[PDB]
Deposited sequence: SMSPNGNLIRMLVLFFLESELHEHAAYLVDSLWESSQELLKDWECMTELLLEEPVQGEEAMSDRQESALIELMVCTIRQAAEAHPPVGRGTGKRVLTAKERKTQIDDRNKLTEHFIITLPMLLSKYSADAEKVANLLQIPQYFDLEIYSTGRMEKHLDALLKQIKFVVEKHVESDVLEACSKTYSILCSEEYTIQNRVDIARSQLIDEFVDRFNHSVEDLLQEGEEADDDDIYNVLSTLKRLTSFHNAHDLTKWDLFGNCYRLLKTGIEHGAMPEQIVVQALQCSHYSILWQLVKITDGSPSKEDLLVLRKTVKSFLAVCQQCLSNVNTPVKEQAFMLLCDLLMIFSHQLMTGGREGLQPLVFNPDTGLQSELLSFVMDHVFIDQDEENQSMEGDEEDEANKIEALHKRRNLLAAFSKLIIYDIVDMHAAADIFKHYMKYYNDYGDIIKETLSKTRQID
């Protein structure tokens, strides 16, 4: 009770204090065979996280680490296998029965306690993003079965408070994903969650629209800027997993971008988000068209929307801020692959009017960005900036392979930037072997 509390408080200290386990998941996995009973005392963990003290209270850092370990125990219990990168996986009767029982215990426990956890820690971005990894392990049928509707409501209240208070992309993404899980995966509760979701979206679309109008009619305020960006972020996050085309967000995103090109003064993050949001709108428009039976004018309205957006992305390569160039570049490399002739696979030759071929100017501009922003002269931020430039080249590499850009001008660039490996590498190679 308070016994298991001490073992857990110390487990959390050994985790934070030594460098013997870098990853919470690996710590948990390695103790799993020996300490499952302790590691599934979730009642004890939520008690530790939610009680007020007597002596000696937990620190912010230790609270975070307890939340992180708790979530790993929830995963491991629900999946009944070691984590990603510790696997090798057939269960006995008793392991299968333990899994079912564990899922039942954790679902009941956390339906009740996750809203309490979110309430308490609501302002802490990192913690709330961790806590929001829990619902994915829920046996969601239990929200009907336990006459547990009051607790579904509580989670939704608490998710709504989180989205309203936070702009971090991890938080918003976690929120978006949690609505997803709550909806589509049990009919009973689908309708209740859909209502909360669309009310939430409605409120943010109204605030976004008012702010877009404020900003574009106006000289322009730090508040006007903040209101556009802050609301645009929430909507951009949700627009990936949720089809928000019913609200015409492409149109206002488009004006923001067109104004930024014209007068040169749209703040970089507004441009980046606006690009992202438009892209998600377009992808969702495309899905409705693939899955439907689309008319001639349906296709040509989508085409016009896509040509205007490709045009904006092209224009945005010349934005001073390199985060905008990179976003435009990624979107060009995505969209030029999606609205290539690939689109006419699977008896879908009706889509031909949606096919785009990048002009010569654009292919050249897409060559320049590689030259200037992949292949660059000159801690942790630099291994991450490398993978980013890798992905940028990698998305460009797809266009080369299907001759969507000039494959020859591209290889010429790859020749130029590999020269020192061709001209001296054999000599460097053998030199380095003998040391």
**Asked** Quick one: where does the model skip the deposited sequence?
**Response** 1, 56-57, 92-93, 224-225, 386-398, 456-459
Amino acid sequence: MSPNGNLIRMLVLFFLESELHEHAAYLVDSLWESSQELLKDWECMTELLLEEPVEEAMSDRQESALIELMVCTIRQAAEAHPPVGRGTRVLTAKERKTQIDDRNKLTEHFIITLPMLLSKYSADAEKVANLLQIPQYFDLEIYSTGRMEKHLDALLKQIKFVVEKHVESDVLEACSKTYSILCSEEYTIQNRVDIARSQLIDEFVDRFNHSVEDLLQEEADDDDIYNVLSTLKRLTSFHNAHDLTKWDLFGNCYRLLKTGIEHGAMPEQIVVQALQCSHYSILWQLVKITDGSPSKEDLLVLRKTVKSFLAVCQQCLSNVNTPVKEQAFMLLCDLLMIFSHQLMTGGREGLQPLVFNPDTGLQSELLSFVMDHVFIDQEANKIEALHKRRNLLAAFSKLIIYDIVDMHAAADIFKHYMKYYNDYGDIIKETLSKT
From here on, numbers count along this sequence of modelled residues.
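Note that the rigid core is defined as the largest set of C-alphas that superpose within 1.5 Å between two forms.
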**Request:** Quick one: core-superposed, which stretch strays further from the shown model in 8 other deposited structures of this protein, 248-256 or 179-187? Go by RMS C-alpha distance.
**Result:** 179-187
**Prompt:** C-alpha RMS from this form in 8 other deposited structures of this protein, rigid core superposed: larger for 12-20 or 413-421?
**Reply:** 413-421
**Request:** Give the stretch, out of 123-131 and 180-188, with the larger mean C-alpha temperature factor in the deposited entry.
**Result:** 180-188
**Message:** On mean Cα temperature factor in this entry, is 411-419 or 5-13 the higher one?
**Reply:** 411-419
**Prompt:** Among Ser211, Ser230, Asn252, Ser295, which residue carries the highest C-alpha B-factor recorded in the PDB entry?
**Reply:** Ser295
**Request:** Could you tell me which one of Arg348, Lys97, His242, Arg103 shows the highest CA temperature factor in the PDB record?
**Result:** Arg348
**Cα B factor band for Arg86 (lowest, middle or highest third within the chain)** = highest
**Message:** Per the entry's values, where does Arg75 land by CA temperature factor relative to the rest of its chain, in the lowest, middle or highest third?
**Reply:** lowest
**Prompt:** By its CA B factor, does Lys288 count among the lowest, middle or highest third of the modelled residues in the chain?
**Reply:** highest
**Message:** Looking at the temperature factor on the CA atom of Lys307, which third of the chain's modelled residues does it land in?
**Reply:** highest
**Item:** B-factor third for the C-alpha atom of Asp194 within its chain
**Value:** middle
